[PDB]
Visitor: 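Structure below; questions to follow.
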Amino acid sequence: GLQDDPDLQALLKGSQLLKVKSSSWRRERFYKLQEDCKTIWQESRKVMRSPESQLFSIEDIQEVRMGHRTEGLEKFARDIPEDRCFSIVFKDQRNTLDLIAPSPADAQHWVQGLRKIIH
Ligand SMILES: O=P(O)(O)O[C@@H]1[C@H](O)[C@H](O)[C@@H](OP(=O)(O)O)[C@H](OP(=O)(O)O)[C@H]1O
């Protein structure tokens, strides 16, 4: 795995994805799976951000959905194809991340890659 898995190799490099929050709010955010295959670094532009706030554990993930499988994606990303969007659902209070991949290969890597680590 990891070194031999093409999805995980892609995630270790990181990707520029678009985070969907509303009709207007759709902004670029860089995500990158860390070498320990345990955490993900995420770009943030929050008023009071911090290095620890920009990491989240794979252990906090319930599932990763492909396609328009969330309200936010069903309402705000109609213009985006089914194969270029996905969502990361969390176990705790962390809000679900609705994401748009620059290409189907990217969405594939994230969904498949995270599913491999979660299971
Ligand atoms: O609306 P503003 O003032 O632009 O600020 C963003 C807004 O609060 C988003 O809801 C938030 O995403 P989450 O809901 O996922 O926190 C994003 O965080 P981010 O910068 O960490 O993506 C903020 O920057």
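Throughout, residue positions are numbered sequentially from 1 according to the sequence presented. Atoms within each ligand, like the ligands themselves, are counted from 1 in listed order.
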Visitor: Check each atom of ligand 1 against the heavy atoms of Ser44 and keep those under 4.0 Å away; list them by number with element.
Guide: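 Numbered from 1, ligand 1 contributes 19 (P), 20 (O), 21 (O).
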Visitor: If you take the nearest heavy atom of each of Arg45, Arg94, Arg49, which one is closest to atom 20 (O) of ligand 1?
Guide: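 Ranked by closest heavy atom to atom 20 (O) of ligand 1, first place is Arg45.
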Visitor: Within the structure, does at least one protein heavy atom fall under 4.0 Å of atom 10 (O) of ligand 1?
Guide: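 Within 4.0 Å of atom 10 (O) of ligand 1, protein heavy atoms are found.
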Visitor: Looking only at N/O atoms, are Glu43 and ligand 1 under 3.5 Å apart anywhere?
Guide: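 Between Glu43 and ligand 1, no N or O pair is found under 3.5 Å apart.
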Visitor: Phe30 vs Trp41 aromatic rings, parallel, tilted or perpendicular, using cut-offs 30° and 60°?
Guide: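 Ring orientation, 0 to 90° scale: tilted.
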Visitor: Are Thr39 and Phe56 close enough that some pair of their side-chain heavy atoms sits under 4.5 Å apart?
Guide: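 A side-chain contact is absent here, since even the closest heavy-atom pair is not under 4.5 Å.
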Visitor: Does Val89 belong to the same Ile/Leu/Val/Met/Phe/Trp/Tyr cluster as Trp110, with side-chain heavy atoms less than 4.5 Å apart forming each link?
Guide: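 Cluster IDs for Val89 and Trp110 differ.
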Visitor: Taking N or O atoms only and a 3.5 Å limit, does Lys19 qualify as a polar contact for ligand 1?
Guide: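 Yes - when backbone and side-chain N and O of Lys19 are compared with those of ligand 1, one distance drops under 3.5 Å.
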Visitor: Can a non-hydrogen atom of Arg27 be found less than 4.0 Å from any atom of ligand 1?
Guide: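 For ligand 1, residue contact (heavy atoms, under 4.0 Å) with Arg27 is present.
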Visitor: Does any part of the side chain of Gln42, heavy atoms only, come nearer than 4.5 Å to the side chain of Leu97, both counted from C-beta?
Guide: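 In short, these two side chains touch, coming nearer than 4.5 Å.
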Visitor: Quick test of your reading of the structure: of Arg29, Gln42, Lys46, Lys21, whose heavy atom lies closest to atom 21 (O) of ligand 1?
Guide: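 Of the listed residues, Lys46 has the closest heavy atom.
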Visitor: With a 3.5 Å cut-off and no angle check, do the side chains of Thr70 and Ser87 form a donor-acceptor pair?
Guide: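 A pair is found: one side chain offers a donor N or O, the other an acceptor, under 3.5 Å apart.
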Visitor: For atom 1 (O) of ligand 1, what is the closest protein heavy atom, and at what distance to 0.1 Å?
Guide: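 So the nearest neighbour among protein heavy atoms is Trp25 NE1, 3.5 Å.
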Visitor: When you group the ILVMFWY residues by side-chain heavy-atom contacts below 4.5 Å and let the links chain together, are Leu99 and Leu18 in the same group?
Guide: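 In one cluster: no.
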